[PDB]
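Take a look at this single chain, the form whose entry title says "closed state", given in structure tokens.
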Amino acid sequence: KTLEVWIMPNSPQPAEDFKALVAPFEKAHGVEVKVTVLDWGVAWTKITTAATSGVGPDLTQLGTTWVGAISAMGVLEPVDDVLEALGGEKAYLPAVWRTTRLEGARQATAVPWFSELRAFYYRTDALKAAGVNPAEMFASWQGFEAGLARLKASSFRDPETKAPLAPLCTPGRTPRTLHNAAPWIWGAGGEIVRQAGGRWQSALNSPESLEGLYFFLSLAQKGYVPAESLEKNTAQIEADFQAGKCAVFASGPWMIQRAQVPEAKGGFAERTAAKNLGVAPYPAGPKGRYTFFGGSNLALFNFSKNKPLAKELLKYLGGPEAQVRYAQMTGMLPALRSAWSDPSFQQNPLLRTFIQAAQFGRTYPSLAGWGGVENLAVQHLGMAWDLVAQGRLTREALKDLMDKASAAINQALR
């Protein structure tokens, strides 16, 4: 007997970490667990192929944003019995509870595995040379621009690159997701889709949503983001934060874990970045503080022939002990609220800011169509980055792009 599980690269040796995690399960149950690791760029397609063909694992990891769309295909086993065993609705942040199901659906089709949310890493050394107070830089949108202007005029140079630092690094390539932009949209009072009149519509083109996007993209148009970042994707901008080219960069909590790991083992501990590492939450916008709150869930294909064992492995992976163990390996946060108290998370000062930032965690609605919305958003957003790369993003050019993304998104939804 072999359980087949699919995971994404959640830690530097993802398959080994996962196998070490489930070994007590294997012994207690006298079964073997076979792990496949799919990269984040293709995971969506091979998972969707598995759902359409009925050929695949027992369990798969899903990004919290995917659960809506796979559940709607009617390929996932109810796990209301697993969630019940784990403590039920009371044992999660509503931010996590909303991702166990298709929005509006009767029954849970996903168990929360881990959580993650976005904040700003900075270089403690570089802000201190600019004479920038991080409590003021990251307090509001004026604070931030003031932070970046001072960071741009600083004579500071990285010890190892003996070169000045990019003030903000963010990617300008067509994004995979609105993960980077969403907090700007939200903090301006805006949103990506809106529920009204018994329908979801695009709000990408609202005054609020454009205010947020333009504020964010125009930072790049004012020389806070160097041209070279406009041509890179998330993973490139992250190597560059690690190799000492950027003073400020928005990411998830895993980069705290990787900073303690040697470059050989898939981290950056030897880098200066790692020795001089700060975290601050997104600054408050005109209409609130928000950050993108996400993570991954586990779901059982209803065409699995190992559904009993696969539920005990769900109950295993979702329960306090394996919750603690895997968050430590991956540098993510447990999904189960009780596991957040562990001193491993509480007494790590950088991970503490992510934990306090989580009060302002916001999520995407779990709509069957959510992938289709996000894909059209990001396509249009990519055409906005290309105008920034010309110095040609104006308010009206951005309105025009988002009125076109809203026309296509509306069609998709209706």
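By rigid core we mean the largest C-alpha set that fits within 1.5 Å across both forms. Heads up: residue numbers just count along the shown sequence, starting at 1.
There is another form of this protein, the form whose entry title says "open state", and it is not shown here; the text below is about that form.
Student: To test your reading of the superposition: with the rigid core aligned, which of 119, 203, 219, 76 moves its Cα by 2 angstroms or more between the shown form and the other one?
Tutor: With the rigid core fitted, the residue that moves is 76.
Student: Please check if residue 8 moves between the shown form and the other one, taking a CA shift of 2 Å or more relative to the superposed core as movement.
Tutor: It does shift by 2 Å or more.
Student: Any CA movement of 2 Å or more for residue 146 between the shown form and the other one, core superposed?
Tutor: The answer is no; the displacement is under 2 Å.
Student: For residue 58, decide whether the Cα shift between the shown form and the other one is 2 Å or greater, given a superposition on the rigid core.
Tutor: Yes, shifts by 2 Å or more.
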